[PDB]
Structure formats: structure tokens, C-alpha cells
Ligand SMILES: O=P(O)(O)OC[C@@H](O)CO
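Given as C-alpha cells, the chain that follows is alone and in the form solved without SN-glycerol-1-phosphate (1GP).
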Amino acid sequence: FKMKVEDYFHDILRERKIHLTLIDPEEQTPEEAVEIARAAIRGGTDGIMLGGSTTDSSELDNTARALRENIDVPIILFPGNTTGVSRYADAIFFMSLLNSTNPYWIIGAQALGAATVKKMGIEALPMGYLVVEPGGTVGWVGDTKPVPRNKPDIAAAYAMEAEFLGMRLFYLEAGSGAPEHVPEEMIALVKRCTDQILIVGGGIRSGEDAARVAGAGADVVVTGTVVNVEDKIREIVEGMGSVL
């Protein structure tokens, strides 16, 4: 990918919503990760997010290079810790876990990795990351107070705060594997209060899931690959397009 990811997002958003496929480099081998990314490409995905866990970094470079040499959509780093920086990716979500109670996850980890992000000249997309009930594993490991599903005003406050600090992307995270995706009323309130790129993920499995999320205001929909894959992504992209 030559183009800037952030410019590429704005290009897509003039006409439709963005889908991103999340891959954990630990869950498979680089070659297996390529066949997953390729199946998602055939399904209609717009990019690969790489990371999600806290784990060894050498598998990341291996997975990222195998991706960079075999696909033509951006590879975006979604770091679960400072280990999550690799050269073969096209951008990084440079994120702050806003509702952690631990300074390490809010500010400290990203301070440790900042020079390395600069050294590699990787495009850094400034992002507020907000864990919503139930929160999954990231909500537990990252010491969060998950935002309750019936308190959308709390989510809107953090999104406005993130916008005021300069973050141009905002991510409502229910947690990978959550039984229910982030509520529409919360997605819609956040979208109303901010002019950021709004990313929603966690528990989006069906096309009807993706349509509700997209219809509520999500600019970007993130899903994993648990199911068949090409088919899952295609249905998700269909629901995403089913909205106005």
C-alpha cells in the first residue's frame, strides 16, 4: 500500500462504510494468515488489522511481511502492548485506552513505543479507544471500567474529550467475542457529538449485526474471523451496504 491509510479511509467514506478484518498473529502461521486475509479480501474487506493480543513480536513481523507481500489493502497495527510495532505495516492505530484505571494503558505504554514508531516512520492514526461492557479480554487485561451499555452519555463524554485532545479516530470496543455488539443508541449518540472517524467492533457476527451498527453511525466496522470466512465477511459487508 502506497497511499496514506487515513486519506484512503476518507476516500472510501465519501460513498460507503469501511470494513476491517482483525487477525491475531498468534492464532495461526503467516501463511495461514495470508489465506485468511485473502478470503476476507474476496469477501469485501477494506484492510487488515494486525494485533489484538499481548504476545511475542517476532510472529508479528513474520505475519506482517507475509501480508505486505501478498495483499493490496492496508495493514494497520492494532497494538495490544508495546510489542505491537512492526515495519512491514502501512499504519498504526496510535491509541490511548481511555477508560483504563492504569496509567500504563492510558499513556505509559505509548510513551515507551513512541521513538520506535518515529524511527520506522510509520503513519500514526491518533485514536481514542473506549471499552464498552462486557469488554472481553482487552477490557480485563487493560484494567478498564467498561462503559455500561445503558450509559451512552458516558461514552459521548469520552468521545468529545478525545476529539478535544486531537484524536481523529474513536473506537467503541465491546470486546472480541462479546455476545452483543455496542448498542445502537450509544453509537448514534457518539456519532452526533464528534466529527471523528467512528470505529465499532466486538460481537459483530451477522449481516444484521453489521447493518445495525453501520445504520447507527459506525464509519468503520471491525470483525474477527471466527465462523466460511469469505462468506462471513461478504454477509457482513452486505449488511453494511444495506443501509442508506
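The first residue of the shown sequence is 1; numbering continues from there.
Quick note: we don't show the form solved in complex with SN-glycerol-1-phosphate (1GP), though the next part is all about it.
Among residues of the shown chain, residue 196 is not one whose heavy atoms approach SN-glycerol-1-phosphate (1GP) to within 4.5 Å in the deposited bound form. In the deposited bound form, at least one heavy atom of residue 177 sits within 4.5 Å of a heavy atom of SN-glycerol-1-phosphate (1GP).
In the deposited bound form, none of the heavy atoms of residue 186 sits within 4.5 Å of a heavy atom of SN-glycerol-1-phosphate (1GP). The closest heavy atom approach of residue 171 to SN-glycerol-1-phosphate (1GP) in the deposited bound form falls within 4.5 Å. Checking 203, 43, 207, 217 for any heavy atom within 4.5 Å of SN-glycerol-1-phosphate (1GP) in the deposited bound form turns up a single hit: 203. Shown here without SN-glycerol-1-phosphate (1GP), the chain has only 78 in 47 to 84 lying with a heavy atom within 4.5 Å of that partner in the deposited bound form.
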